[PDB]
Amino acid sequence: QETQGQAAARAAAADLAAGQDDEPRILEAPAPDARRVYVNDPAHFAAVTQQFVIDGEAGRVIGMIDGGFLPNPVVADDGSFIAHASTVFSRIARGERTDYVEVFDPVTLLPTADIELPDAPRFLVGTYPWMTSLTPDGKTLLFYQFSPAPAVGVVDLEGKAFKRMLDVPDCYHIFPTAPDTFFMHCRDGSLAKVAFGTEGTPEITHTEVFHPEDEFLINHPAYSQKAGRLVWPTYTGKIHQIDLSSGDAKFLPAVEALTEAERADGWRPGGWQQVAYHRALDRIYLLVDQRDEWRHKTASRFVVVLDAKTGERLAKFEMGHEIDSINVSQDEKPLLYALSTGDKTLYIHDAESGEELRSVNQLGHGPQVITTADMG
């Protein structure tokens, strides 16, 4: 009811009346928790970008982190640090390129490491969360490189040094599953498992081809590292699920996010981060709307919620705003975060009821990526 700015004015007035002293200083952010959410603003390819650290419970910006060109943010699931791989140039968008990884303390937001990446090796692309990824123990950051060929960069966060590039096949995205292993999705319709050492040709294994050549898997699959669940929608809201928790890929049964009559009536997923997965609830959330088949990056106004095991629909929420990305807190009674690139607003919904609870606006220019830590 009372806004945060209102509660602050009240307290400031009380301190003045009471003669209360206080030292102006640099605040710490509150301890990272399950309802912290980070919104990255790729800013529609601006050379500099911003990340907003948000208390989702209060709907309050608690901090910000600056970044360079299309950085890839990662958040350690255990809340110990956050980091990004970023790119700057010596004269704004021109001149000598430096790619680097910074690691930040999640309370002071001070960079505790700044690790140069040799030979400007980052893949510059509209931000895909799974193109730069932390290994589960948090000691390694992996980043994708496209040019000259698909490759993956290995960065030692603990020793604060770049390690090596690994050559991989014609494959994309990086879902780490262990300190030395990740999966990628390959042009031929398989996943590739890549197991790497400090030196030597990485061991690369392919799964069976798991989708036909004309079934399109979106750029923003949800991957729960702690569950090893890769939830990969196709353009039609068909959802591939791959279980990587054994260390090898087990293909789960496909589910449809939309019914036959919905599909016949033009319903399709669309947006940017189209799918979220709540690990504890084993639940998929998909951004859908009625749309032509090639409007697959436009906002959507509905979220369907479906049991990941059975594909049973549990809800269809009318979000009431143009939503491009969703994600969920990973605690019980999760929040469903619904980020509107066009409104630059994070809408914070009760994931159970779909009700909008609060919102955080003025999140940059073109905010697209929501990240939460799964701390539980």
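Between two forms, the rigid core is defined as the largest C-alpha subset superposing within 1.5 Å. We number the residues from 1 along the sequence you see.
The stretch that strays farther, by root mean square C-alpha distance over structures and residues in 9 other deposited structures of this protein after a rigid core fit, is 197-205, when 69-77 is set against 197-205. Between 95-103 and 245-253, it is 245-253 that carries the larger average Cα temperature factor according to the deposited entry. The stretch with the higher mean CA B factor, choosing between 229-237 and 205-213, is 205-213. Out of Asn40, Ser340, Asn327, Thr310, the entry records its largest CA B-factor for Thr310. Residue-level inspection of the entry shows that, of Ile65, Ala46, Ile62, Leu314, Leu314 has the top Cα B-factor. Residue-level temperature factors show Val53 in the lowest third of its chain, judged at the C-alpha atom. For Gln290, the recorded CA temperature factor ranks within the middle third of the chain's modelled residues. In the deposited entry, the Cα temperature factor of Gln20 sits in the top third of values across the chain's modelled residues. Sort the modelled residues of the chain by CA B factor and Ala264 lands in the highest third. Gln368 sits in the lowest third of its chain by CA B factor, as recorded in the PDB entry.
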